[PDB]
């Protein structure tokens, strides 16, 4: 019995299976392909999914949602603290941990965000078990690419509590790229931008995919922007439209506002395929019927700042990834709000007409990729960057990873100390900033350098890779022609596919700490005489 991929989203969750060469997204008991991430508690029962979201108006103090916003955080976290000012349900400080507090069958009960989300995994489990007719245990579950090891572990804990064996935790932008098979496209490396706009969150992620390996170069977004905000703009417009045409403010009637919000979400769906949408609400306030219309143009005007604003996280991420928008090879639309025609055009205009990858249901694509990965775990170019130690144990790359073979690349270095007699050349493998966090391939001395002031001697290191993967590293003293070389054996299978992933992921986890370290040294390709990692 195969494994499942689950997208445990902030507001909605989704479950997929790869069975007999096809990925199927599994509907819930009420026929929905997506289930609200809501756990409602009452005097009698525990509600999960649609029935919990459906009773929110009756039991808002005991209905929990947005548990992804607490999961793996301190109670004192600024996001936690401010986020509470919008949640009808109670959050409390147990030993510096958030715990949502709720009344369940007369008694008061407290749950950790892992437990809340575990109940959502329990529902997705049962939904797949009803579809598949068999117990499901093995599952891949996705997380936002910006999640820290504490939030990934918390998510895994929710799955384990749920009775799930979590085969692996993968980033939502990577699953989305998997879904679209971007890792099976030939050619050099590829940069992918994932534009993910859900009901409540916005995430932009830039990835590079070469030889089936994914590195997340950058993440930007807005954790408090989503389709609900667009609905909110519609709601306020119509409330003022009612006040202007009926001299009545409906907002102090709670049921009246809800019915309006519900009308507005419907029309926003219509305005993705039509240029106009109707509002037909009987007896909305004080017996007045509200029958009116909103054009897509008026809808776009109400969300002009919000729609154009999404290009800023797009620009930040291209910046942080040190890429020009001309260097993106694929754009993936993810999230149901990416169906909004204006969102699509903005992004497409910003990318000079580039087509958008959007043929998979953007609500489903993350679970779909997560299902491709579950079945995989269930049943050329250089692998790593190559470089030498410069002053400070710093990694100075000469052959970037994913570079085609055979290649030859050369750089000129200099001495760090005055009258340096020699440089010790130390070849390294890896994507970390410091050589100590990388793999030492070989060492050799270049000696007999004519004494001079620091930065005057010229040392030309060349990296040469034939087509068998035989790396050859040589240094020439430019003032005399003296040279030395090392030949590095290409051991077949020395690194597994998963070995490369661990190195790439460590550079992803510490990219910031590595960033600052690269900045601190001013060597600019100076070479010392000793191994930096062996000095007292």
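In this text, rigid core is short for the largest set of C-alphas that superpose within 1.5 Å between two forms. Numbering follows the first chain given and starts at 1.
A.B. asks: On a core superposition, give the stretch, 24 to 32 or 491 to 499, with the larger average C-alpha separation from this form in 7 other deposited structures of this protein (RMS over structures and residues).
C.D. replies: Stretch with the larger root mean square C-alpha distance in 7 other deposited structures of this protein: 491 to 499.
A.B. asks: Please tell me which region, 73 to 81 or 425 to 433, has C-alphas lying farther from the displayed form on average in 7 other deposited structures of this protein, with superposition done on the core.
C.D. replies: Greater root mean square C-alpha distance in 7 other deposited structures of this protein: 73 to 81.
A.B. asks: Using the PDB record, quantify the missing residues of the deposited sequence between residue 379 and residue 380 as none, 1 to 3, 4 to 9, or 10 or more.
C.D. replies: According to the record, 10 or more deposited residues lack coordinates from residue 379 to residue 380.
A.B. asks: Quick check: 122 to 130 versus 355 to 363, which has the larger average CA B-factor in the record?
C.D. replies: Higher mean C-alpha B-factor in the PDB entry: 122 to 130.
A.B. asks: Would 106 to 114 or 314 to 322 have the larger average of its C-alpha temperature factors, as given in the entry?
C.D. replies: Result: 106 to 114.
A.B. asks: Among 221, 336, 341, 287, where is the Cα temperature factor highest, going by the PDB entry?
C.D. replies: Out of 221, 336, 341, 287, the record gives the largest C-alpha B-factor to 287.
A.B. asks: Tell me which of 39, 26, 56, 507 tops the list for C-alpha B factor in the record.
C.D. replies: The C-alpha B-factor peaks, among 39, 26, 56, 507, at 56.
A.B. asks: Against its chain's modelled residues, does residue 143's Cα B factor rank lowest, middle or highest third?
C.D. replies: It belongs to the lowest third of the chain when residues are ordered by C-alpha B-factor.
A.B. asks: Among all modelled residues of this chain, ranked by Cα B factor, put residue 89 in the bottom, middle or top third, i.e. lowest, middle or highest.
C.D. replies: Answer is highest: the recorded C-alpha B-factor places it there.
A.B. asks: Among the modelled residues of its chain, does the C-alpha B-factor of residue 479 lie in the lowest, middle or highest third?
C.D. replies: For residue 479, whose C-alpha B-factor we compare with every modelled residue in the chain, the answer is the middle third.
A.B. asks: Split the chain's modelled residues into thirds by Cα B-factor; is residue 442 in the lowest, middle or highest one?
C.D. replies: Within its chain, residue 442 is a lowest-third residue by C-alpha B-factor, going by the deposited values.
A.B. asks: Ranked by Cα temperature factor within the chain, is residue 69 in the lowest third, the middle third or the highest third?
C.D. replies: Bottom third by C-alpha B-factor.
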